[PDB]
Structure formats: structure tokens, C-alpha cells
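Chemist: Input: one structure, supplied below.
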Amino acid sequence: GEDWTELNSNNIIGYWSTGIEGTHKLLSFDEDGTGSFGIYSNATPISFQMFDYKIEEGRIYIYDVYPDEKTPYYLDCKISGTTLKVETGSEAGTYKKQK
């Protein structure tokens, strides 16, 4: 049916977008650095944050965020190549890979 892969430290790597309008959201994850999460409105950047992460459960583990650092938690998500499906969190929805 929906036959997803193991989320791992290598398939997540790169940027992830919805589309370019209204109120969009943008993500990145590096292999040996950090992630980054942005939020826009129409054609202006309105948020930014970064966080370290690990993949120690077939989920994102979040445990360092800035500038307002937050509690550590895990994030249920799926991946197969070019479609991120996050189920929970700020970034919960769908995105396409953007590299």
C-alpha cells in the first residue's frame, strides 16, 4: 500500500518545500551539521530556527533548538526518496525534496 522506507541519517539529507505562496514553510537537514526550519508569508521570511538532530529511533530526535531552546522530543515521520511525510511537530504535513 503505502510502502515507506526506514527514515535514516542519509535519506533525510537536503532541503524540503511545499510551494512558494501564501504561508509556506521551508526545511533543511545536513548530514554532519544541523537542520534549519523557516516560515514565510507570500514572498517574505518571517521565522527562522535551527536545531541539531539524530535518527536513533526511525524518527527525528530533537534536543537542541535556538534561540528559544525547547524540551527534547521525537518526531514520527516517513520518507521514501523525494516526499517527506512528517506526522507530528511544527513541520507536520508533506514536503518535496529541494536538491
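Naming scheme: A, B, ... for chains in displayed order of the C-alpha cells; residues 1 onward per chain; ligands 1 onward as shown.
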Need to verify the contact set: region 21-30 of chain A, 10 Å, only C-alpha atoms, exclusion of same-chain residues closer than 6 positions in sequence. Can you return it as a PyMOL selection string?
Modeler: chain A and resi 9-15+36-53+90-91+95+97-98
Chemist: Can you tell me how far CA of residue 96 (chain A) sits from CA of residue 2 (chain A), in Å to one decimal?
Modeler: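 Between CA of residue 96 (chain A) and CA of residue 2 (chain A) the gap is 16.5 Å.
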Chemist: Work out how far CA of residue 8 (chain A) is from CA of residue 55 (chain A), in Å to one decimal.
Modeler: 6.0 Å
Chemist: Using only C-alpha atoms for the distances, tell me which of A:20, A:64, A:83, A:6 is nearest to residue 34 (chain A).
Modeler: A:64
Chemist: Calculated over only C-alpha atoms, which of the candidates A:19, A:1, A:35, A:81 has the smallest distance to residue 65 (chain A)?
Modeler: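 Among the listed residues, the smallest separation from residue 65 (chain A) belongs to A:35.
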Chemist: In Å to one decimal, how far is CA of residue 56 (chain A) from CA of residue 84 (chain A)?
Modeler: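 We find that CA of residue 84 (chain A) and CA of residue 56 (chain A) lie 17.7 Å from each other.
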Chemist: Mind the document's chain letters and residue numbers, and return as a PyMOL selection string the residues of chain A that DSSP labels strand (DSSP E).
Modeler: chain A and resi 14-17+25-29+35-41+44-54+60-66+73-75+77-78+83-86+95-97
